[PDB]
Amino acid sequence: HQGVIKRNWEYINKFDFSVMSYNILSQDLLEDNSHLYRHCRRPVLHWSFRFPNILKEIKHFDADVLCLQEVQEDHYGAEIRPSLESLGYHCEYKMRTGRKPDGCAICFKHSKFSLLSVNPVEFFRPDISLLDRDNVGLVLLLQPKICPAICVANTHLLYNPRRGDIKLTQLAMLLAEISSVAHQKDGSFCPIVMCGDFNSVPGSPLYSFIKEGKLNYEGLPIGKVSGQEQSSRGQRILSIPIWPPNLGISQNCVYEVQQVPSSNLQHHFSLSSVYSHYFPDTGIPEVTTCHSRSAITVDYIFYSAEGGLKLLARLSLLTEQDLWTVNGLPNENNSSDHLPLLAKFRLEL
């Protein structure tokens, strides 16, 4: 019907599992950035209001795997981890480094998987001046309880729109960890699901690199990498190579043995995006976040596809206009400034 604002399930020897990616908005970061939330009714911003709504959403969708971002450490220990464990999830956390209050969590139903390994990633390198930011990632290797393992990755990349050099290097570090964890004895990669808040928009150079496995970055200004709103003036062009040899990551985004003393990046995965980023009838963009200064897609679920996975269904997203009709995010009903992404996958056996 005209004007309806609804999130629908769109349908596109086996193991079926669902994955939810959700940046839940850290209370400390909300309060530190109160200018982004001026549009919100004051009572809806308190953590005592937001957490029950977030937990209710998680319970409603009952996803097999949760990839969460902006999980605040104190709240995680006091309330989020106990609540998720009560719902049947095993939870693994990786907090941002430094003075930062929040991090990434990957949680999975213990009825659906066993844990093979936990592989945190710290993007902060004290020995590499480029990598001075506190962002992190987390990679789990899971064994379906019934068959290959499944590699689940989660990250929250640097927000700063100018620093595409840092963003691409952080992404390369996550991709290198995935390449090591997902490697199988037969030389192929097990199925991969890579979720997170990439702070980069559809069609940006960083997005295209993920989807295509290649990026020619010759002449690319650092602030054009992510496609986020930027001045697009006075910016340094990416170095060739982007990051120094002491990182120990090659231009194919794999770990390499460092030794004593072209402008293309590659990776070896075949990744698709769950969402197509535009509504087919109208061409209007999908958004995953909507506050006073931004309404864009920055959140993704990427997956191995023709260890391929079949996408069975996804929970449809909304437009910027749809979100302002409900007076933006967070609101009295949606308690993050992001929307949760949700997919159902099939592993054929």
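Each residue number is its position in the shown sequence, starting from 1.
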>> With respect to the deposited sequence, is there a break between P261 and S262 in this entry, and if so is it 1 to 3, 4 to 9, or 10 or more residues, or none at all?
In response: 10 or more
> In the deposited sequence, how many residues between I12 and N13 have no modelled coordinates (none, 1 to 3, 4 to 9, 10 or more)?
Replying inline: 10 or more
> If you average the CA temperature factors over each stretch, which comes out higher, 245 to 253 or 275 to 283?
Replying inline: 275 to 283
>> Regarding 40 to 48 and 294 to 302, which shows the higher C-alpha temperature factor on average in the entry?
In response: 40 to 48
> Per the coordinate record, which of the options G137, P202, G223, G88 holds the highest CA temperature factor?
Replying inline: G88
>> Given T288, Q69, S34, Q27, identify the residue with the highest C-alpha B factor in the PDB entry.
In response: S34
>> Split into thirds by Cα B-factor across the chain's modelled residues, where does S336 land: lowest, middle or highest?
In response: lowest
>> Quick check on the deposited entry: does the C-alpha B-factor of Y76 sit in the lowest, middle or highest third of its chain?
In response: lowest
> Comparing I240 with the other modelled residues of its chain, is its CA B-factor in the lowest, middle or highest third?
Replying inline: highest
> If you rank the chain by CA B-factor, which third does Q184 end up in: lowest, middle or highest?
Replying inline: highest
> Lowest, middle or highest third: where is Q230 by C-alpha B factor in its chain?
Replying inline: highest
